[PDB]
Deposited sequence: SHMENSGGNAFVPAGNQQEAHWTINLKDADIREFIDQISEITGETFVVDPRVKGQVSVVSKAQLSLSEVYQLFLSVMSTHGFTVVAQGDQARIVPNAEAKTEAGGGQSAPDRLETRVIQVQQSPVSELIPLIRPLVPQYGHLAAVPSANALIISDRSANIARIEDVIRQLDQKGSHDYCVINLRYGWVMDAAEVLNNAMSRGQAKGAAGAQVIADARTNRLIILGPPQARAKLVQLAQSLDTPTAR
């Protein structure tokens, strides 16, 4: 259930989706007619405190995650099916130092197609839907990116190379101190498009981009 923290926190595990909806009505005061086809088990977690409006946003993210949407029929609000692993958790992740919008494109490559990613700018938080072990891993990536001063980035679409090989070569070179002028830059592999995302301060990023290009030469 939602626990007062008017703000609230939540730690609901393996609950019927219908229970979650009813719970949202109790807090919001909104009333929903739930289509008979709406079914499923949900896990919803927020250690960050949420306002009433942010709770509604979380509700929409959970609905969207499981393929449902809210419509108006017959003078009432209706939850209906909209046109993946069994256990999915929807977690709210608060970001401390950086604006959430700047981190979104850097973490999208870690979100699977079945998953969900949304910004909650009023709380400077991200909503992510995934299996719990995947979420913990992403939370660490967020924590690390959040410590960085810059989130500017360059994208390289590899024509010849395999994205994982290239990422491995670039990280090892930096680890060994073998990348000259790129120390401080960082690489993120984005397999779905066979592309690299290079980030860092201007001079280091410009050098790592050049180095990355050399791994993709015909």
Deposited residues absent from the coordinates (by C-alpha): 1-9, 15-19, 98-108, 244-246
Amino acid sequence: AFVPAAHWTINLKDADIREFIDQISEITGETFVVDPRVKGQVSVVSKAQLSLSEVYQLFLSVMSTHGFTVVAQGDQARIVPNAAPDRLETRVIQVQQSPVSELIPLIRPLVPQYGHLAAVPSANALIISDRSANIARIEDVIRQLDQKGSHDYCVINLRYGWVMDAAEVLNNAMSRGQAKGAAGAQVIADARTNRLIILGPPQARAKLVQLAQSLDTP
From here on, numbers count along this sequence of modelled residues.
Higher mean Cα B-factor in the deposited model: 19-27 or 191-199? 19-27
Of 147-155 and 44-52, the stretch whose C-alpha atoms average the higher B-factor in the entry: 44-52
If you compare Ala84, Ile127, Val80, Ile142, which has the highest Cα B-factor in the entry? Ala84
Select one of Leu58, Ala173, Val163, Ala185: the residue whose C-alpha shows the highest B-factor in the crystal structure entry. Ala173
Among the modelled residues of this chain, does the Cα B factor of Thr90 put it in the lowest, middle or highest third? lowest
Split the chain's modelled residues into thirds by Cα B-factor; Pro109 lands in the middle
Grab the CA temperature factor for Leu211 from the record and place it in the lowest, middle or highest third of its chain. middle
Hey, what third does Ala179 fall into on Cα B-factor, ranked over its chain? highest
